[PDB]
Amino acid sequence: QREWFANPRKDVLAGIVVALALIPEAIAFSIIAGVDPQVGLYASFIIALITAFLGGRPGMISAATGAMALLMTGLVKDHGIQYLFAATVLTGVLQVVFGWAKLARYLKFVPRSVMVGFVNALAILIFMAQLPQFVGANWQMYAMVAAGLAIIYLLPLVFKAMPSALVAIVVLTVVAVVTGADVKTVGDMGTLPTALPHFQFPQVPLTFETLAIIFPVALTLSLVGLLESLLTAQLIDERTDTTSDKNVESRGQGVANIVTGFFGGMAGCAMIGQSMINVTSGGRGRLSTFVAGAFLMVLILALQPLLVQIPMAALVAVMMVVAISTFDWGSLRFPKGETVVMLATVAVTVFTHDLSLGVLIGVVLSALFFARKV
């Protein structure tokens, strides 16, 4: 059976840390995808749980990332936050289908140009998503986001193994509350969780015509999620040692997303950064991810009235730096076609504000170049 409970002392702690790092991610990504923070937090929780029990690679955090959100942001403003639920259920179904058929090894065939393009487009789309918080501008917004970047970039050279983003959020919250600053707070953008996720059958989609409109986004969500899970897995593999079956990982991902969709949640996948922060801080057990999700839920339920008071400048700063962390690649001075693919995805996503379209043209372009090679 090979199932363990080794190193609880470090796993629990690591889970706590990455949970504290997980809250603002889910809230923000929820706002970016035009939906309530509740959906993102729920998603992170239940996904972390189910992956903790059925995941392939232990110590890998699967919660809620922009890589999923920016693919649903178009589905929510055209059909609603609930066609999203259907799409997440179907996504999980496609993932357990992908795992049952044992097709993970084919993920290598996916062009690097398409992937790097996806990453770039993703990041700059994050940065662009932070812009509608500046169109209605009070100088408190500017001052607190600038001081946010400042404290995030200048404090950690003096401090230790505790996030500068944590200090940023806490300090800016305390300030905004005490000084009574006039700025938008998170509680305005959407409702925050006040109870446990209840079984919400997607009462909002209807069979076939729904299928015809959620199948593409479920496909892209599934593929992106399995890619993310694959690379995150392999990086944890390199960091330590494992013979992790990526098929089992894909299945766990699938089931997770399925029940997530059945409990009023978003779509989720593996998170590189938080998995790395986890393994670096001593997390290498399933209890790490479990405690991540659980302590996430407990803490967001605990700080709820304080949570809704958190100023939007702090979170827009955190997103502002997560974008920067995501984008920067090797801007090479190389195959013209591949560069063409990356820049195509980037430019198309930038112009249309649709990540799915960038992915689509990436796929078809890579296919054309392939036909030209073959």
# chains A, B, ... in the order shown; residues from 1 in each chain; ligands from 1
call {"tool": "closest_atom_pairs", "arguments": {"of": "stretch 46-70 of chain A", "to": "stretch 89-96 of chain A", "cutoff": "12 Å", "atoms": "only C-alpha atoms", "output": "Markdown table"}}
result
| residue | atom | partner | partner_atom | distance |
| --- | --- | --- | --- | --- |
| A:47 | CA | A:92 | CA | 10.9 |
| A:50 | CA | A:92 | CA | 11.9 |
| A:54 | CA | A:96 | CA | 11.6 |
| A:55 | CA | A:96 | CA | 11.9 |
| A:68 | CA | A:91 | CA | 10.8 |
call {"tool": "write_last_selection", "arguments": {"atoms": "N, CA, C and O atoms", "output": "short mmCIF file (atom, residue, chain, number, x, y, z; two decimals), in the first residue's frame"}}
result
data_model
loop_
_atom_site.label_atom_id
_atom_site.label_comp_id
_atom_site.auth_asym_id
_atom_site.auth_seq_id
_atom_site.Cartn_x
_atom_site.Cartn_y
_atom_site.Cartn_z
N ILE A 47 -9.54 20.98 -3.37
CA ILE A 47 -8.52 20.42 -4.26
C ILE A 47 -7.33 19.94 -3.43
O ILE A 47 -6.86 18.82 -3.63
N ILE A 50 -8.45 16.56 -1.70
CA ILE A 50 -8.57 15.40 -2.57
C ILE A 50 -7.23 15.00 -3.18
O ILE A 50 -6.95 13.82 -3.35
N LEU A 54 -5.41 11.45 -3.06
CA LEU A 54 -5.37 10.68 -4.30
C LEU A 54 -4.28 11.16 -5.27
O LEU A 54 -4.18 10.65 -6.38
N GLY A 55 -3.48 12.13 -4.84
CA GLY A 55 -2.43 12.66 -5.69
C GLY A 55 -1.27 11.69 -5.85
O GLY A 55 -1.07 10.80 -5.02
N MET A 68 -5.46 28.63 -14.50
CA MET A 68 -6.82 28.14 -14.65
C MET A 68 -7.81 29.30 -14.77
O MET A 68 -8.69 29.28 -15.62
#
call {"tool": "closest_atom_pairs", "arguments": {"of": "stretch 247-342 of chain A", "to": "stretch 17-36 of chain A", "cutoff": "7 Å", "atoms": "only C-alpha atoms", "output": "Markdown table"}}
result
| residue | atom | partner | partner_atom | distance |
| --- | --- | --- | --- | --- |
| A:274 | CA | A:18 | CA | 6.1 |
| A:278 | CA | A:18 | CA | 6.4 |
| A:292 | CA | A:19 | CA | 4.8 |
| A:293 | CA | A:19 | CA | 6.6 |
| A:295 | CA | A:19 | CA | 6.6 |
| A:296 | CA | A:19 | CA | 5.0 |
| A:315 | CA | A:28 | CA | 6.6 |
call {"tool": "closest_atom_pairs", "arguments": {"of": "stretch 256-364 of chain A", "to": "stretch 221-241 of chain A", "cutoff": "6 Å", "atoms": "only C-alpha atoms", "output": "CSV"}}
result
residue,atom,partner,partner_atom,distance
A:269,CA,A:225,CA,5.0
A:270,CA,A:229,CA,4.8
A:272,CA,A:232,CA,5.4
call {"tool": "write_last_selection", "arguments": {"atoms": "C-alpha atoms", "output": "PDB file, in the first residue's frame"}}
result
ATOM      1  CA  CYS A 269      -4.002  22.517 -10.757  1.00  0.00           C
ATOM      2  CA  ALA A 270      -0.467  22.177  -9.409  1.00  0.00           C
ATOM      3  CA  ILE A 272       5.077  25.555  -9.005  1.00  0.00           C
TER       4      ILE A 272
END
call {"tool": "atom_distance", "arguments": {"atom1": "atom CA of residue A:340", "atom2": "atom CA of residue A:66"}}
result
24.1 Å
call {"tool": "closest_atom_pairs", "arguments": {"of": "stretch 53-119 of chain A", "to": "stretch 343-359 of chain A", "cutoff": "10 Å", "atoms": "only C-alpha atoms", "output": "tab-separated table"}}
result
residue	atom	partner	partner_atom	distance
A:67	CA	A:355	CA	9.0
A:68	CA	A:355	CA	9.8
A:69	CA	A:355	CA	9.8
A:70	CA	A:355	CA	6.4
A:71	CA	A:356	CA	5.8
A:72	CA	A:356	CA	8.9
A:73	CA	A:354	CA	8.3
A:74	CA	A:354	CA	7.0
A:113	CA	A:343	CA	8.9
A:114	CA	A:359	CA	7.1
A:115	CA	A:359	CA	8.6
A:116	CA	A:345	CA	9.3
A:117	CA	A:345	CA	5.6
A:118	CA	A:359	CA	6.6
A:119	CA	A:346	CA	8.8
call {"tool": "closest_residue", "arguments": {"among": "A:62, A:191, A:200, A:185", "to": "residue A:288", "atoms": "only C-alpha atoms"}}
result
A:62
call {"tool": "residues_around", "arguments": {"residues": "residue A:308", "least_positions_apart": "5", "cutoff": "8 Å", "atoms": "only C-alpha atoms", "output": "JSON, numbers by chain"}}
result
{"A": [185, 186, 187, 188, 192]}
